[PDB]
Amino acid sequence: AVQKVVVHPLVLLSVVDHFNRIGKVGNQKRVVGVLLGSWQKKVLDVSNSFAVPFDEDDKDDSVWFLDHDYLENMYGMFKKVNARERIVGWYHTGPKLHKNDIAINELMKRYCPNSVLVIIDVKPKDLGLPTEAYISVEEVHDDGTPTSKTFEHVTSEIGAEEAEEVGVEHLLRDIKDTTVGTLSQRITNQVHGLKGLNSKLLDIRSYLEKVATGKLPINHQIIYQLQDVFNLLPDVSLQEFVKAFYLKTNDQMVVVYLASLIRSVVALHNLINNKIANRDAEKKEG
Amino acid sequence: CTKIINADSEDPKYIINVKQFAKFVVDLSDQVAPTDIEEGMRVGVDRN
Amino acid sequence: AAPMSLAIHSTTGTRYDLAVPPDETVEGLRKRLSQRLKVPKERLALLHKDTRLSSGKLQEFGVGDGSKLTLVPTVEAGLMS
Amino acid sequence: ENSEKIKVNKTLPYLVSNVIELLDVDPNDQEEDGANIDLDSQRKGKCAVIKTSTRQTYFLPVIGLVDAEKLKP
Amino acid sequence: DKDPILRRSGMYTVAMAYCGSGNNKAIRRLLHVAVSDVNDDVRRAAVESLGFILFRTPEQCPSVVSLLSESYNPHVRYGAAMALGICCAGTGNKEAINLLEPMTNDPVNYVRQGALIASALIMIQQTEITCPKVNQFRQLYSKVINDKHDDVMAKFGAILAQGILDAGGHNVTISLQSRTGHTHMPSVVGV
Amino acid sequence: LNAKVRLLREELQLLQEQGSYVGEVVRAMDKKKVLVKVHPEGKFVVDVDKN
Amino acid sequence: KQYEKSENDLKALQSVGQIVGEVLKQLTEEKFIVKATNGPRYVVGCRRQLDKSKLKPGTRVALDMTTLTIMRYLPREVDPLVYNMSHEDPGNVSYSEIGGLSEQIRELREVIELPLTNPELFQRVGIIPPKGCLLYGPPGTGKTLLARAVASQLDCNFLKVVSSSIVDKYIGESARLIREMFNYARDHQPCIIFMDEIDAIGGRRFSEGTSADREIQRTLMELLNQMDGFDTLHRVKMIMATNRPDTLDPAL
Amino acid sequence: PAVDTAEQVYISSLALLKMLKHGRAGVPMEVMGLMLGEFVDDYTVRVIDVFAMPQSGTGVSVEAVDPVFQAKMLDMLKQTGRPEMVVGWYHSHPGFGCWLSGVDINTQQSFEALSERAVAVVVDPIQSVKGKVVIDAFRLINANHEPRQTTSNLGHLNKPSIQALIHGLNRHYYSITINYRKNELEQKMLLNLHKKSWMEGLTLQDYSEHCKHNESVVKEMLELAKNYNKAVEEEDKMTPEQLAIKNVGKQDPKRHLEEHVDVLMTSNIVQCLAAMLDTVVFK
Amino acid sequence: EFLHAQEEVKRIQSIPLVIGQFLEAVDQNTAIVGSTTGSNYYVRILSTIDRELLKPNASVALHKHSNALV
Amino acid sequence: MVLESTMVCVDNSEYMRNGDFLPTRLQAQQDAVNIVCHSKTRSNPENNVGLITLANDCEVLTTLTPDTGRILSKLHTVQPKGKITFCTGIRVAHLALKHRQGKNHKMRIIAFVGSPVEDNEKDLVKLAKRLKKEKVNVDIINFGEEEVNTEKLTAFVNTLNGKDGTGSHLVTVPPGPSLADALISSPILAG
Ligand SMILES: Nc1ncnc2c1ncn2[C@@H]1O[C@H](COP(=O)(O)OP(=O)(O)O)[C@@H](O)[C@H]1O
């Protein structure tokens, strides 16, 4: 179990550079490499990466090559440069999960049993994080019977040391709007969150359409999950809930009202001071 | 002004104690001959 | 004479190809490369099969005609020394 | 040439000092390559701390041109 | 676009499309880019374009570049100088020169250079009677060029300005628009 | 606001100029010089600017 | 070997010293306030691979000279004076050579030696062992001889000083010597301090006197408060020696 | 035979982050490394990627320890699609600004002899702050006149610093403009770093913590208003100069009231809007 | 841009600084600050510093050359 | 001398359990590929050789490398199991040699097949035409002798070097017990 995985901006930018270099080389649609890092008691720390030659057969998802010898050599050289970093997992730039993923992970699982897979999309058509992390686990079914290995999603985020923060903030002079005040807490959310929720619901709806129209089979764990989802949705017509909501909105209003009174008094004071200063300047001038 | 404290080896090498500045191990410029300098006599040295 | 025609690749890409006598010593190659490049011979360091050519004759190291030699200069930074 | 460089680096003016203590220090833990210093780590012998005549104490990671055990506080 | 140079091409396109029409919307766009962009060359190209739009009403260019000359960004200052230069070409306005005077001693050098060239463009051919400040500016050119404590870019600007002030003998002016009023396309292209 | 930003943007060079000592004047004297104790150092006979 | 020494010297020539100073506080994760020994206080950084848990407010640290980057921690300083106080050589007198003292040597060992091996007895009876004992008697009787025997035979460390060699001209330096000596003892437990001729600085504190008298009395107040002050002394023992016990401060 | 003044060295985003991180790692030391790239035209010298190097030295000098690493790493990187070869070297001056010293000049001179248009890049990690990064690219002036020719103002826009001049700028070496040009995908990910998940946008706060925070700030505003009263009564019985010192070491009620009012009002507005937006969205 | 400049001047606050005391403020933007070396000075006060924290005889960090109160 | 990057295709199927060809045919193949790798190393110093065992599906046991000690060390611990998959084996071997460390090397393959193949012949010729279009040189050894002939196998080797390609071989070995190394003389010693 991993409670959290933190990637570093350098890793993201390095993967983007890798994809650019291969695509410039062309005739590819995905890239694969490694991820270096350490552990902090279940709070992973990915900090660096390098490439690993790889190729695949698009038509059939059972042919692939991954020069593990390159991986061992590069691990030697990197470990020579920085000892504190040891292999942590592997990454690839395909949009969404592929079928080979379990095969590669079982290959990778030799270098680090607790290997986490981090997908880094390089063309985000969405409003959300650029990475997804996945950990391979055995899944036992109540009816699905055979025990395979499926990826379980684990929380991921982006983190940076002071040097990386300085560099990124320097490069981010292409657009910048801080307005930490209400503008940010209303653009970074509300709108953003509603857009993301809508996109997720639309994906669920597309799958439901596909199942209903016969294009797919039925999965029972999904149906149970969706039933639980629909059972969670709260009801907003209970007198108790309305009462509570109004009570809290009222408290919030009294506080904002006090704030506005304060602000009005201060602005009036500023006007008075400016008027007095103007009058004094005129009298002295006259 | 510096106060010589010791004259070690036959080779000129002089430990002087500049008052309230520092304590060094310096040599003789060409003007003074080795016989002129003894232990314990105030001597003048340059600033470089 | 039977000059040994080698290759001298630089880490920068340029190629200072040159041919030397069979009995040349790594010191001699370093010295000729220094004359060509106008840099001190100490700053240079030749490479072969990921194995520096510390000193001595070229042959017993195995360096032969049509060989690959990487020329790698030193890198130094500091206020002094 | 070694002796010539040595002699030129021994310009006569010295700033006399008294040895304050002759520490024995060893490396703490491994030091990452790319960034490693021979003073903080990578030193096994003894080390000296000296008080120059200018009321300034200094730590000499490499003792210098004299054997350490000869020196005493 | 994301490439800065293509954005600069865009400002130049706005400049050449609305040449002399005073289209308020083109002005809105250029000013918004001047105050809002992140690259500096695009800012300078934007302030400069304003000159091409508003040259039929030279009374209006100072009104919209006076505040922009006194700007923290040096490239915006140079843009305001050259915009005044193109907009008030061959007119010798007192206001344009009033703005161009204080900033001919701007700490940044290329600002001084643009200021000198803009003055030479504005006050072409004028005599002592027509503008009281012509002699001051000739003396300023001479002092700047002879001096040695001053930057090289400033010297370049002063030399070109001396060339401009008395061009083609002393019997040629710069008129973006023909005497009838048509836009003189070679003049726009040249400037 | 423009003035404030300009001042902040220059303030990096203004803050790299040296400082000035604080001395206690002992007695004005002579043409225009003064005798100033510069704690902790000794006294001086310094010049006085025009202003 | 000549060339090895030559190359060792040439490599050694290119290396610089680190200013030694004391860390006074850790502001942020990479900010330390360091008081260089000369006195100027700096705010300085810290090398990335260094156990920042060992830089408490008081650790001695070696600062690089250009950037003043903290670079190494060191154990507390041991002044050369204390190095000499701690490396004397009482010949090899054994308890045999001391003649005619049997009761006295028993008492001395009871005070200083027994609590250093057999504390369980003192825990069973329920008492804290005594700290220090004065040896007073007519000249030539055996005081210093006993102290030398105790130093050589016993196994704990020793510190030997003459109270007439603590005193120093600059104001507030003798007291600092005493304080730093007792700190050293507090470090290398167990240890025995043998103040010889404590009458050189242990003298009744007069109401009326002169400047030097007052300075020595300040030294004596420091000693008194080091013996039994705010900080319990624990496991360092003391012995004095005087031919004039009468001329001693009652508080001592 | 020009080296125009419009020549620039194009540093990618990845190269910059690598340099900066490596430099901050060895804060007291002059850590150094190599940089790979291409020579496109007489006006562009593009630096694509960098790689740290095995090294050892003291705070006063640093030097390489193995070239095997250099050749081997070039071969490995070339295997997976980055054939570019070296264009110069970089190192870090931690707090000394950006300039070249004698030893620096010697190594750079060897590199330049190897390839004519080689560059030296110097970073100053500790001097770099969140926004701006202290950095510059150099090259060596020979003993010959003017080192370079001019056909634009692109050279003269930087006003070289006093320290760099003191240490040899424009006398033994000359600077080159640095460009941080970026492609589309780099731009798209650099904007995507600071973006939180979508759920965080629609999460309320523990309402009890909300109320505690509100009551705490209002209980502070009480005393701030009292001090505001006690302070407005002055400003008439206070000399026009004396006021400029009235606020040094003494709280000022007005500014603190402004700050607290902004905080309270933003926080409460955001919480209210989230509560209403949720109240509608989920059934 | 003002927030940006504020975050850019903060390079003057580089790590190797010199401690000192703030003795008295003489007008704004200047103050007599007593260095730990033992010599008083007449220096410039950085714009960003919150003046509420410049209490008399309050510990402060100065630039190594300019001695400006940072 | 011709820089040529091969990739051996030792097999370890359950049909190696048999001793028809010296003990434990796997042993015969082991000795054969060992001598072959030594031969390649003596062919050209820059030449490399690889091992892609044809197990159930595949596992590249050692990517291209001029040094052979790793090849032979990985060659043991190859206790056979399962059945072979020829198509997947060739496809993986091709993908692997596309990525030569030195792109000047000429791609090639050498195969040690001693099992029955279960795959329609048409797809075999399809993989053959693809390999040909990609300029690949196989050298099939019909070891093991399940068919000791065309096991749907001749067409592949004719197509790959079709039109007198003289680049692909089919050196069939009979079941007579005698280490193939003595048998194979052309594909190994001199094509
Ligand atoms: N009991 C004793 N046994 C042997 N020698 C003694 C004895 N008492 C004194 N001495 C002699 O006196 C000297 C020691 O002087 P000591 O008694 O230790 O100091 P103090 O001068 O304070 O009496 C030695 O030379 C020693 O031979």
# chains A, B, ... in the order shown; residues from 1 in each chain; ligands from 1
call {"tool": "residues_near_ligand", "arguments": {"ligand": "ligand 1", "cutoff": "10 Å", "atoms": "only C-alpha atoms and all ligand atoms", "output": "list in words"}}
result
residues 93, 95, 96, 97, 98, 99, 100, 101, 135, 136, 137, 138, 139, 140, 141, 142, 143, 144, 145, 146, 147, 148, 149, 196, 197, 241, 242 and 243 of chain G
call {"tool": "residues_around", "arguments": {"residues": "segment 15-17 of chain D", "least_positions_apart": "2", "cutoff": "9 Å", "atoms": "only C-alpha atoms", "output": "list in words"}}
result
residues 15, 22, 23, 24 and 25 of chain B; 13, 19, 50, 51, 52, 53 and 54 of chain D
call {"tool": "residues_around", "arguments": {"residues": "residue 12 of chain F", "least_positions_apart": "4", "cutoff": "9 Å", "atoms": "only C-alpha atoms", "output": "PyMOL selection string"}}
result
(chain F and resi 8+16) or (chain I and resi 9+11-12)
call {"tool": "residues_around", "arguments": {"residues": "residue 231 of chain A", "least_positions_apart": "5", "cutoff": "12 Å", "atoms": "only C-alpha atoms", "output": "list in words"}}
result
residues 224, 225 and 226 of chain A; 282 and 283 of chain H
call {"tool": "write_last_selection", "arguments": {"atoms": "N, CA and C atoms", "output": "tab-separated table (two decimals), in the first residue's frame"}}
result
chain	number	residue	atom	x	y	z
A	224	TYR	N	-22.66	-2.63	-8.97
A	224	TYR	CA	-22.79	-2.42	-7.53
A	224	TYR	C	-22.22	-1.07	-7.13
A	225	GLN	N	-21.07	-0.69	-7.69
A	225	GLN	CA	-20.48	0.60	-7.37
A	225	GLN	C	-21.41	1.74	-7.76
A	226	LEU	N	-22.02	1.66	-8.94
A	226	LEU	CA	-22.91	2.72	-9.37
A	226	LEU	C	-24.14	2.79	-8.49
H	282	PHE	N	-25.51	17.99	-6.71
H	282	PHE	CA	-25.71	16.60	-6.30
H	282	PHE	C	-27.16	16.44	-5.85
H	283	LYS	N	-28.04	16.26	-6.83
H	283	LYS	CA	-29.47	16.09	-6.57
H	283	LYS	C	-30.09	17.39	-6.08
call {"tool": "interface_residues", "arguments": {"of": "chain H", "to": "chain J", "cutoff": "12 Å", "atoms": "only C-alpha atoms", "output": "number ranges by chain"}}
result
H: 75-81
call {"tool": "closest_atom_pairs", "arguments": {"of": "chain A", "to": "chain E", "cutoff": "10 Å", "atoms": "only C-alpha atoms", "output": "JSON lines"}}
result
{"residue": "A:173", "atom": "CA", "partner": "E:38", "partner_atom": "CA", "distance": 6.8}
{"residue": "A:174", "atom": "CA", "partner": "E:38", "partner_atom": "CA", "distance": 6.4}
{"residue": "A:175", "atom": "CA", "partner": "E:38", "partner_atom": "CA", "distance": 7.4}
{"residue": "A:176", "atom": "CA", "partner": "E:38", "partner_atom": "CA", "distance": 9.0}
call {"tool": "write_last_selection", "arguments": {"atoms": "N, CA, C and O atoms", "output": "short mmCIF file (atom, residue, chain, number, x, y, z; two decimals), in the first residue's frame"}}
result
data_model
loop_
_atom_site.label_atom_id
_atom_site.label_comp_id
_atom_site.auth_asym_id
_atom_site.auth_seq_id
_atom_site.Cartn_x
_atom_site.Cartn_y
_atom_site.Cartn_z
N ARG A 173 7.04 32.51 -16.97
CA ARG A 173 6.77 33.79 -17.62
C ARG A 173 6.34 33.58 -19.07
O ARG A 173 7.02 33.96 -20.02
N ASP A 174 5.22 32.88 -19.23
CA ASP A 174 4.42 32.85 -20.45
C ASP A 174 2.97 33.20 -20.17
O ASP A 174 2.31 33.83 -21.00
N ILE A 175 2.46 32.81 -19.00
CA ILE A 175 1.22 33.36 -18.44
C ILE A 175 1.34 33.29 -16.92
O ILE A 175 1.95 32.36 -16.39
N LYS A 176 0.75 34.27 -16.22
CA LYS A 176 0.77 34.33 -14.76
C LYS A 176 -0.38 35.18 -14.25
O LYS A 176 -0.50 36.36 -14.62
#
call {"tool": "closest_atom_pairs", "arguments": {"of": "chain G", "to": "chain D", "cutoff": "6 Å", "atoms": "only C-alpha atoms", "output": "CSV"}}
result
residue,atom,partner,partner_atom,distance
G:9,CA,D:65,CA,5.6
G:12,CA,D:64,CA,5.8
G:17,CA,D:60,CA,4.9
G:18,CA,D:59,CA,4.9
G:19,CA,D:58,CA,5.0
G:20,CA,D:58,CA,5.8
G:38,CA,D:56,CA,5.8
G:72,CA,D:40,CA,5.8
G:80,CA,D:73,CA,5.1
call {"tool": "closest_atom_pairs", "arguments": {"of": "chain A", "to": "chain H", "cutoff": "7 Å", "atoms": "only C-alpha atoms", "output": "CSV"}}
result
residue,atom,partner,partner_atom,distance
A:10,CA,H:17,CA,6.7
A:13,CA,H:14,CA,6.1
A:14,CA,H:14,CA,6.4
A:16,CA,H:186,CA,6.8
A:21,CA,H:81,CA,6.2
A:22,CA,H:81,CA,6.2
A:51,CA,H:80,CA,6.8
A:52,CA,H:80,CA,7.0
A:53,CA,H:80,CA,5.7
A:81,CA,H:54,CA,6.0
A:122,CA,H:185,CA,6.5
A:123,CA,H:185,CA,6.8
A:128,CA,H:197,CA,5.5
A:129,CA,H:197,CA,5.9
A:130,CA,H:192,CA,6.7
A:158,CA,H:193,CA,6.8
A:163,CA,H:21,CA,5.3
A:164,CA,H:17,CA,6.1
A:165,CA,H:130,CA,6.7
A:166,CA,H:130,CA,4.2
A:167,CA,H:17,CA,5.7
A:169,CA,H:131,CA,5.3
A:170,CA,H:131,CA,4.6
A:172,CA,H:190,CA,6.7
A:181,CA,H:266,CA,6.5
A:182,CA,H:266,CA,5.2
A:185,CA,H:270,CA,6.7
A:188,CA,H:201,CA,6.6
A:189,CA,H:201,CA,3.9
A:190,CA,H:201,CA,5.7
A:192,CA,H:198,CA,6.4
A:193,CA,H:198,CA,4.5
A:196,CA,H:198,CA,5.7
A:233,CA,H:282,CA,6.1
A:234,CA,H:283,CA,6.7
A:235,CA,H:283,CA,6.7
A:249,CA,H:272,CA,6.8
A:252,CA,H:268,CA,5.9
A:256,CA,H:265,CA,5.3
A:259,CA,H:261,CA,5.0
A:263,CA,H:258,CA,6.9
call {"tool": "write_last_selection", "arguments": {"atoms": "N, CA and C atoms", "output": "compact mmCIF listing (two decimals), in the first residue's frame"}}
result
# COMPACT_ATOMS: atom_id res chain seq x y z
N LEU A 10 10.94 18.06 -12.70
CA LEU A 10 12.00 17.63 -13.59
C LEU A 10 11.62 16.35 -14.31
N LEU A 13 9.07 17.11 -17.12
CA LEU A 13 9.67 17.80 -18.25
C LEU A 13 10.60 16.87 -19.01
N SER A 14 11.26 15.96 -18.29
CA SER A 14 12.17 15.02 -18.94
C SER A 14 11.39 14.03 -19.79
N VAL A 16 8.52 14.67 -21.22
CA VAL A 16 8.07 15.42 -22.39
C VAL A 16 9.20 15.56 -23.40
N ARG A 21 11.71 13.93 -28.49
CA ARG A 21 12.87 13.43 -29.21
C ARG A 21 12.52 12.19 -30.03
N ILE A 22 11.74 11.27 -29.45
CA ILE A 22 11.36 10.06 -30.18
C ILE A 22 10.40 10.40 -31.32
N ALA A 51 15.91 7.25 -19.94
CA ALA A 51 15.19 6.53 -20.98
C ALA A 51 15.57 5.06 -21.00
N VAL A 52 14.75 4.28 -21.70
CA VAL A 52 14.99 2.85 -21.88
C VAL A 52 14.43 2.44 -23.23
N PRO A 53 15.26 2.06 -24.20
CA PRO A 53 14.73 1.75 -25.53
C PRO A 53 13.64 0.69 -25.47
N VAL A 81 26.38 8.75 -10.16
CA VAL A 81 26.19 10.19 -9.99
C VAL A 81 25.45 10.53 -8.70
N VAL A 122 1.20 13.59 -22.42
CA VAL A 122 1.90 14.80 -22.86
C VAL A 122 1.03 15.71 -23.72
N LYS A 123 -0.29 15.56 -23.69
CA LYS A 123 -1.19 16.35 -24.52
C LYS A 123 -2.53 16.50 -23.81
N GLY A 128 -7.10 18.94 -15.33
CA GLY A 128 -6.75 18.03 -14.26
C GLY A 128 -5.28 17.68 -14.30
N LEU A 129 -4.87 16.87 -13.32
CA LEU A 129 -3.46 16.57 -13.16
C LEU A 129 -2.93 15.84 -14.39
N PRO A 130 -1.63 15.92 -14.65
CA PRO A 130 -1.05 15.30 -15.84
C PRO A 130 -0.58 13.87 -15.65
N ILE A 158 2.23 16.50 -7.36
CA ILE A 158 3.44 17.10 -7.89
C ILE A 158 4.11 17.90 -6.79
N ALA A 163 15.03 24.61 -5.55
CA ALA A 163 15.69 24.87 -6.83
C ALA A 163 14.72 24.69 -7.99
N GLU A 164 13.98 23.59 -7.98
CA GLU A 164 12.99 23.35 -9.03
C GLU A 164 11.91 24.42 -9.02
N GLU A 165 11.45 24.80 -7.83
CA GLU A 165 10.44 25.84 -7.74
C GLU A 165 10.94 27.13 -8.36
N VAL A 166 12.18 27.51 -8.05
CA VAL A 166 12.75 28.73 -8.62
C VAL A 166 12.78 28.64 -10.14
N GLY A 167 13.30 27.53 -10.66
CA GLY A 167 13.41 27.40 -12.11
C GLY A 167 12.07 27.45 -12.80
N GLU A 169 9.14 28.66 -11.72
CA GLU A 169 8.54 29.99 -11.62
C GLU A 169 9.22 30.95 -12.58
N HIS A 170 10.50 30.74 -12.85
CA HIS A 170 11.19 31.58 -13.82
C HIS A 170 10.68 31.32 -15.22
N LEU A 172 7.83 30.08 -16.06
CA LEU A 172 6.40 30.30 -16.16
C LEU A 172 6.05 31.72 -16.58
N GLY A 181 -6.51 36.16 -3.90
CA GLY A 181 -7.84 36.43 -3.45
C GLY A 181 -8.89 35.77 -4.31
N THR A 182 -10.12 36.17 -4.04
CA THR A 182 -11.31 35.42 -4.40
C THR A 182 -11.24 34.94 -5.85
N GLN A 185 -9.55 31.44 -5.83
CA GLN A 185 -10.43 30.44 -5.23
C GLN A 185 -11.78 30.34 -5.93
N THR A 188 -9.85 28.49 -9.89
CA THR A 188 -9.20 27.20 -9.66
C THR A 188 -10.21 26.14 -9.26
N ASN A 189 -11.42 26.56 -8.90
CA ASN A 189 -12.42 25.64 -8.41
C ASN A 189 -13.79 26.09 -8.90
N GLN A 190 -14.85 25.60 -8.27
CA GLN A 190 -16.18 25.93 -8.72
C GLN A 190 -16.26 25.59 -10.21
N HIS A 192 -13.73 24.96 -12.42
CA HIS A 192 -12.85 23.84 -12.72
C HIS A 192 -13.43 22.53 -12.22
N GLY A 193 -13.88 22.50 -10.97
CA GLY A 193 -14.42 21.28 -10.42
C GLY A 193 -15.67 20.84 -11.15
N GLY A 196 -14.65 19.24 -14.42
CA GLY A 196 -14.12 17.89 -14.23
C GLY A 196 -15.19 16.88 -13.89
N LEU A 233 -26.04 10.02 -2.93
CA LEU A 233 -26.53 11.35 -3.27
C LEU A 233 -27.50 11.87 -2.21
N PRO A 234 -27.23 13.02 -1.60
CA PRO A 234 -28.10 13.48 -0.51
C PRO A 234 -29.38 14.11 -1.03
N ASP A 235 -30.34 14.22 -0.12
CA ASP A 235 -31.63 14.84 -0.39
C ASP A 235 -31.67 16.19 0.30
N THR A 249 -25.51 29.71 6.55
CA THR A 249 -25.43 30.83 5.62
C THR A 249 -25.60 32.15 6.35
N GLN A 252 -22.35 33.13 8.12
CA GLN A 252 -21.39 33.60 7.13
C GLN A 252 -21.72 35.03 6.69
N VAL A 256 -19.52 38.63 6.76
CA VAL A 256 -19.21 39.46 5.59
C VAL A 256 -19.75 40.88 5.76
N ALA A 259 -17.36 42.80 7.78
CA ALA A 259 -16.19 43.11 6.98
C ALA A 259 -16.44 44.32 6.09
N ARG A 263 -14.60 48.08 5.87
CA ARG A 263 -14.00 48.59 4.64
C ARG A 263 -14.57 49.95 4.25
call {"tool": "closest_residue", "arguments": {"among": "F:11, F:45, F:3, F:40", "to": "residue 27 of chain F", "atoms": "only C-alpha atoms"}}
result
F:45
call {"tool": "residues_around", "arguments": {"residues": "segment 28-37 of chain J", "least_positions_apart": "5", "cutoff": "8 Å", "atoms": "only C-alpha atoms", "output": "ChimeraX atom specification"}}
result
/J:8,10,21-23,49,68,72,75,112,179-181,188
call {"tool": "write_last_selection", "arguments": {"atoms": "N, CA, C and O atoms", "output": "compact mmCIF listing (two decimals), in the first residue's frame"}}
result
# COMPACT_ATOMS: atom_id res chain seq x y z
N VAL J 8 20.61 -14.82 -31.50
CA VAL J 8 20.37 -16.25 -31.45
C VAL J 8 18.95 -16.53 -30.97
O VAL J 8 18.36 -15.73 -30.23
N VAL J 10 17.87 -19.78 -29.48
CA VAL J 10 17.85 -21.06 -28.78
C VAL J 10 16.42 -21.39 -28.40
O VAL J 10 15.64 -20.49 -28.09
N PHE J 21 19.74 -36.53 -29.68
CA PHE J 21 20.88 -35.82 -30.25
C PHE J 21 21.81 -35.45 -29.09
O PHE J 21 21.74 -34.33 -28.57
N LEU J 22 22.66 -36.39 -28.69
CA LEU J 22 23.48 -36.22 -27.50
C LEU J 22 22.54 -36.08 -26.31
O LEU J 22 21.32 -35.98 -26.50
N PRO J 23 23.03 -36.10 -25.07
CA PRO J 23 22.10 -36.07 -23.93
C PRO J 23 21.30 -34.78 -23.94
O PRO J 23 21.85 -33.70 -24.13
N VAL J 49 25.95 -10.41 -30.55
CA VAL J 49 25.07 -11.57 -30.69
C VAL J 49 24.14 -11.62 -29.49
O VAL J 49 24.52 -11.23 -28.38
N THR J 68 30.37 -11.98 -24.71
CA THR J 68 29.54 -13.17 -24.76
C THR J 68 29.37 -13.86 -23.42
O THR J 68 28.45 -14.67 -23.28
N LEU J 72 26.41 -16.81 -22.40
CA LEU J 72 26.58 -18.20 -21.98
C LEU J 72 26.12 -18.39 -20.55
O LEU J 72 25.54 -19.43 -20.22
N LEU J 75 22.64 -18.73 -20.56
CA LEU J 75 22.25 -19.92 -21.31
C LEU J 75 21.90 -21.08 -20.38
O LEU J 75 20.99 -21.86 -20.68
N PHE J 112 17.50 -21.94 -33.85
CA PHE J 112 17.70 -23.32 -33.42
C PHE J 112 16.32 -23.90 -33.14
O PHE J 112 15.80 -23.78 -32.03
N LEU J 179 26.93 -33.45 -32.47
CA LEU J 179 26.68 -32.03 -32.23
C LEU J 179 26.66 -31.25 -33.54
O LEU J 179 27.58 -31.34 -34.35
N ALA J 180 25.59 -30.47 -33.73
CA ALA J 180 25.39 -29.79 -34.99
C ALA J 180 26.59 -28.96 -35.41
O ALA J 180 26.86 -28.87 -36.61
N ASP J 181 27.33 -28.39 -34.46
CA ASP J 181 28.43 -27.50 -34.79
C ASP J 181 29.28 -28.08 -35.90
O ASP J 181 29.68 -27.37 -36.84
N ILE J 188 27.59 -20.46 -40.43
CA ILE J 188 28.40 -19.99 -39.31
C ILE J 188 29.80 -19.60 -39.78
O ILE J 188 30.24 -18.46 -39.58
call {"tool": "select_by_dssp", "arguments": {"residues": "segment 44-264 of chain H", "states": "strand (DSSP E)", "output": "MDAnalysis selection string"}}
result
chainID H and resid 44:52 55:58 61:64 85:92 119:123 135:140 173:179
call {"tool": "select_by_dssp", "arguments": {"residues": "chain I", "states": "alpha helix (DSSP H)", "output": "PyMOL selection string"}}
result
chain I and resi 2-9
call {"tool": "residues_around", "arguments": {"residues": "residue 51 of chain C", "least_positions_apart": "3", "cutoff": "7 Å", "atoms": "only C-alpha atoms", "output": "count of residues only"}}
result
3
call {"tool": "residues_around", "arguments": {"residues": "segment 45-48 of chain I", "least_positions_apart": "4", "cutoff": "9 Å", "atoms": "only C-alpha atoms", "output": "list in words"}}
result
residues 8, 11 and 15 of chain F; 6, 9, 10, 28, 29, 30, 31, 68, 69 and 70 of chain I
call {"tool": "write_last_selection", "arguments": {"atoms": "C-alpha atoms", "output": "PDB file, in the first residue's frame"}}
result
ATOM      1  CA  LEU F   8      11.183  48.701  -6.335  1.00  0.00           C
ATOM      2  CA  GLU F  11      16.076  49.426  -5.300  1.00  0.00           C
ATOM      3  CA  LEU F  15      20.937  48.930  -1.866  1.00  0.00           C
TER       4      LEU F  15
ATOM      5  CA  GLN I   6       8.632  42.244  -4.724  1.00  0.00           C
ATOM      6  CA  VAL I   9      14.272  42.102  -4.939  1.00  0.00           C
ATOM      7  CA  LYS I  10      14.465  39.256  -2.433  1.00  0.00           C
ATOM      8  CA  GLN I  28      11.811  56.222   6.311  1.00  0.00           C
ATOM      9  CA  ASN I  29      14.126  54.325   3.966  1.00  0.00           C
ATOM     10  CA  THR I  30      17.130  55.025   6.229  1.00  0.00           C
ATOM     11  CA  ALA I  31      18.190  53.920   9.697  1.00  0.00           C
ATOM     12  CA  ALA I  68      21.663  47.853   3.985  1.00  0.00           C
ATOM     13  CA  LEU I  69      19.060  46.597   6.432  1.00  0.00           C
ATOM     14  CA  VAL I  70      17.637  43.566   4.680  1.00  0.00           C
TER      15      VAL I  70
END
